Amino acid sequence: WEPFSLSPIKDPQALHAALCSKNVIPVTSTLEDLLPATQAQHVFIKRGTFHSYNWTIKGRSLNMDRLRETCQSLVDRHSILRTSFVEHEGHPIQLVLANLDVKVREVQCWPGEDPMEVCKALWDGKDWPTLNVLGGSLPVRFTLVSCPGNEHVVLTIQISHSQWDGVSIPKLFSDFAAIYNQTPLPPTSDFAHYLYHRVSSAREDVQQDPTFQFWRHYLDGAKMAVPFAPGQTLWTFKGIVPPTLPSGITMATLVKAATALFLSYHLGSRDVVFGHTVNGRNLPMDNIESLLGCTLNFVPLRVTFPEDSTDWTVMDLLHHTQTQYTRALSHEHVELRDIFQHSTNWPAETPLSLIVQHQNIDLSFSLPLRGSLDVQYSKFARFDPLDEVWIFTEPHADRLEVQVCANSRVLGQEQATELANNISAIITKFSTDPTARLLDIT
């Protein structure tokens, strides 16, 4: 937990010096740590995942210098916000900077000119097209666009998905609002400190790590299906009515199960492995629930159907699926390539090809600044998958939304559209008779 002792590079201060030299980061900045970048961070960075969270603030009481100051303080409190991402010596790494001055990009618009249209212009015109996270310049930056009277302002926060996740992003907002409202905040832990905790929980002799033994056992016997080799990102949507969840059964479990029966039909298998997304926050850590970073992980989820004389109800799969999740809670946090390297005979660089992600997170957002201020949320976002298929479930109050995201070369529009409906129809089926033997709908 002593700084610079997880660096894969030995003169870390000299990599700092060079970025400064190159005017890639501020030259008055200090290097307060240097750690490996995680697999899940790289997943995002490699997919150009980049957000611009925008807050349209209207009202007479807005304090502009305080807005500016809040940005600085937000960054002082969250070291993930002070982090540069770089590859050095074949190592993907993150650099924690301190003594970091935040400078807001400001725009005083012409009369009648819409603040948001200006942001959308900066965004489309240079902000994401020239995005180069691995060049080492901070992804996290602020923009202030104000009509002339300052009674209609848009504040934006740009950030790489390597720096937040669904559980902690709301904490970024409430922190910001609290800092602007002058509400004292409790001290917090860094994403770096999560990394060090991951590492302290590991044995130096891998064959003695309960985690990598659990995975070796969880996965012994198993074979993961591999798509036959495969140009734009495609998002495809299907809404259903929110399905009834028998006691003990998580909505996530439903989706993970409905996918497994889909994959059992289409593969010739009763032993399917596919990727799903875990929050990575089931560690014995202080602040684990609140710290800001990307502790999300993408891990193997094995669903196993019985020989077949066994007359499984839907419910039998439901409980089994859940167990194939909950079994791994204390082991869900390791690097995916580690699991492959230590618990399997699979190439460690083996990619997941399908990734199921249920969104049991906040689906609406809030930034309650005080005077009276109307504050409205919107975002811009990029996300470009490689060869994998993402299935996203969003549990709203009116609907579950099945979302498929994949490159068109991996899954064409009609394939995407069918996969949506197939997964939905099964979720529904599981909901309409959890009792039925698995002899359904296809």
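Start at 1 and count along the sequence shown; that's the residue number.
*Asks:* If the chain runs straight from residue 371 to residue 372, say none; otherwise bin the unmodelled deposited residues as 1 to 3, 4 to 9, or 10 or more.
*Replies:* Gap size class: 10 or more residues without coordinates, per the record.
*Asks:* Please count the deposited residues lying between residue 230 and residue 231 that the model leaves without coordinates, and give the class: none, 1 to 3, 4 to 9, or 10 or more.
*Replies:* In the deposited sequence, 10 or more residues between these two have no coordinates.
*Asks:* Comparing 38 to 46 with 389 to 397, which has the greater mean CA B-factor as deposited?
*Replies:* 389 to 397 has the higher mean C-alpha B-factor.
*Asks:* Select between 47 to 55 and 62 to 70 the stretch whose C-alpha atoms have the higher average B-factor in the entry.
*Replies:* The stretch with the larger mean CA B-factor is 62 to 70.
*Asks:* Just to confirm, going by the entry's C-alpha B-factors, which of 208, 143, 163, 168 comes out highest?
*Replies:* When the deposited C-alpha B-factors of 208, 143, 163, 168 are compared, 208 is largest.
*Asks:* Which of these has the highest Cα B-factor in the record: 116, 177, 240, 355?
*Replies:* Result of the comparison over 116, 177, 240, 355: 240.
*Asks:* Using the B-factors in the PDB entry, rank residue 212's C-alpha atom against the chain and give the third, lowest, middle or highest.
*Replies:* For residue 212, whose C-alpha B-factor we compare with every modelled residue in the chain, the answer is the highest third.
*Asks:* Could you look up the Cα B-factor of residue 78 in the entry and say which third of the chain it sits in: lowest, middle or highest?
*Replies:* It falls in the bottom third of the chain.
*Asks:* Split the chain's modelled residues into thirds by Cα B-factor; is residue 275 in the lowest, middle or highest one?
*Replies:* Lowest third of the chain for residue 275's C-alpha B-factor.
*Asks:* Among all modelled residues of this chain, ranked by Cα B factor, put residue 197 in the bottom, middle or top third, i.e. lowest, middle or highest.
*Replies:* According to the entry, residue 197 has a C-alpha B-factor in the chain's middle third.
*Asks:* Looking at the entry's B-factor column for C-alpha atoms only, identify whether residue 410 ranks in the lowest, middle or highest third of its chain.
*Replies:* Middle third of the chain for residue 410's C-alpha B-factor.
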